[PDB]
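First the structure, in the form of structure tokens, and then the observations on it.
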Amino acid sequence: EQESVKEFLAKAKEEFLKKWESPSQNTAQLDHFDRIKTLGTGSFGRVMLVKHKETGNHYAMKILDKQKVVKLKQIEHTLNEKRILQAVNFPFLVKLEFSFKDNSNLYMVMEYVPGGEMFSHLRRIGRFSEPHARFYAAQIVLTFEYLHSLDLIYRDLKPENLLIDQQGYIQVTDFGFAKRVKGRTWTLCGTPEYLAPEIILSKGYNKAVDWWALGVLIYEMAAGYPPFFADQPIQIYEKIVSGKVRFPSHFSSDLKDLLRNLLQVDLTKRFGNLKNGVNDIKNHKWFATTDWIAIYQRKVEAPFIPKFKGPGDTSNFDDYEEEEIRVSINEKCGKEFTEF
Ligand SMILES: C#CCN(C)Cc1nc(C2(O)CCNCC2)cs1
Ligand SMILES: C#CCN(C)Cc1nc(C2(O)CCNCC2)cs1
């Protein structure tokens, strides 16, 4: 609305498109780093703390096995992830420093954020007060304003993907489902508790699914548990498509009103997806105390600072079996990953 916001977003889009159209490639190699510790694992990849041998700097290295990426139908998703991360720039997104590939794997070398996942702190404290939840939610609102103005949808908002930095601010990690979308998209993906009804029903869907997921995240931060849950995914999906939501009595009236408009099952009536876009959220009464410019500038004192001893501390992450990073003598899946 204000011309200063319009010109900020226009410059952000110009700088994104220049890097999008000419991506960087092949900017390091594996024997430039020492392996320290496994920080997370999944069905086709893992994340490892590493140290660069010449500079001494620490990084979070995401390692993807090419053969498993193909088998689980993730080729286009992994190419989206790396092409988007090398082109974006925003205070609340983890930065990609290097990328490269070898006979067996794809590598994305990110900044290391030592404070841990928001999920760990939420479960240890029980629930966040409304001011504490609001500080984190404001950073997500600004991040989605940025991403959506570049025609990007994020599609994986949840507490495990939000890391807490040395200042107590959020860094969003894991762009494995992020995509450049000018109209609608159709892939079934995401985590069950956070999916909007139009994903579950196999519709063509848009950026409104990120604003639904922000309603699930704010509910989970302020209550301690998500609004839709069950033992089996089909039962979760039945609750989501009903959209019946019960709120704890300790929620303020302003919080309940915001959540009824983000958790709106009709996508054409959902906040974030109306004529006024993000400003229906930024101007809602639950955000009346938020200084949007001071949050962007990192000038607000955070609700807490994680406890850690230095840039290589891993005490806020958990323990996994330590496995080899094997590189085959023969090249695998070369054609499929030519652009990486
Ligand atoms: C290889 C090959 C030919 N396949 C039909 C290609 C395939 N594409 C998929 C997608 O889910 C990838 C994400 N965009 C939507 C389609 C699954 S299988
Ligand atoms: C708290 C509590 C009680 N549970 C029934 C709550 C639940 N929490 C989950 C999640 O693990 C899903 C993924 N992100 C974080 C929360 C599933 S069911």
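Residue numbering: from 1, along the chain as shown.
If you're wondering, the header gives X-ray crystallography, 1.4 Å.
Positions of Cβ are set from backbone N, Cα and C atoms, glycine also.
As annotated by Swiss-Prot, active site, proton acceptor applies to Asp156, with the evidence given as sequence analysis. What Swiss-Prot lists as ATP binding site is 39-47, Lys62, 111-117, 158-161. Sequence annotations record features per position, and here Swiss-Prot assigns domain 'Protein kinase' to 33-287 based on sequence analysis. Under the heading domain 'AGC-kinase C-terminal', Swiss-Prot lists 288-340. Positions annotated as phosphothreonine by Swiss-Prot: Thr38, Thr185, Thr187. Residues or ranges marked as phosphoserine in Swiss-Prot (evidence: similarity to another entry): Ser129, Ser328. Positions annotated as phosphotyrosine by Swiss-Prot, on the basis of similarity to another entry: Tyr320.
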The number of other Cβ atoms within 10 Å of the Cβ of the residue listed as 'active site, proton acceptor', counted over all protein chains shown, is 20
Here the Cα-Cα span from the residue listed as 'active site, proton acceptor' to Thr187 (phosphothreonine), rounded to a whole number of angstrom, reaches 13
Ordered by sequence, the long-range same-chain Cβ contacts of the residue listed as 'phosphotyrosine' under 8 Å (at least 6 apart) are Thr38, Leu39, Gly40, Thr41, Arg46
Those recorded positions among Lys62, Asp156, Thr187 lining ligand 1, judged by a Cβ under 6 Å from any of its atoms, are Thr187
All chains considered, the count of other Cβ atoms within 10 Å of the Cβ of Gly42 (ATP binding site) is 13
Taking only the CA atoms, the spacing between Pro159 (ATP binding site) and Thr187 (phosphothreonine), expressed in whole angstrom, is 22
Whole-number Å distance separating the Cα atoms of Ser129 (phosphoserine) and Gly42 (ATP binding site) is 32
Quick tally, other C-beta within 10 angstroms, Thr38, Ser129, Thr187, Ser328; top of the modified residues is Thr38
Ordered by sequence, the long-range same-chain Cβ contacts of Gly116 (ATP binding site) under 8 Å (at least 6 apart) are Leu163, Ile164, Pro306, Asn316, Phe317
Smallest Cα-Cα separation from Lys62 (ATP binding site) among the modified residues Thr185, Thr187, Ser328 is shown by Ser328
Rounded Cα distance in angstrom between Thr185 (phosphothreonine) and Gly42 (ATP binding site) is 25
Around the Cβ of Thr185 (phosphothreonine), other Cβ atoms found within 10 Å total 17
Cβ atoms other than its own within 10 Å of the Cβ of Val113 (ATP binding site), all chains, total 22
Once DSSP output is merged into helix, strand and coil, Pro159 (ATP binding site) belongs to helix
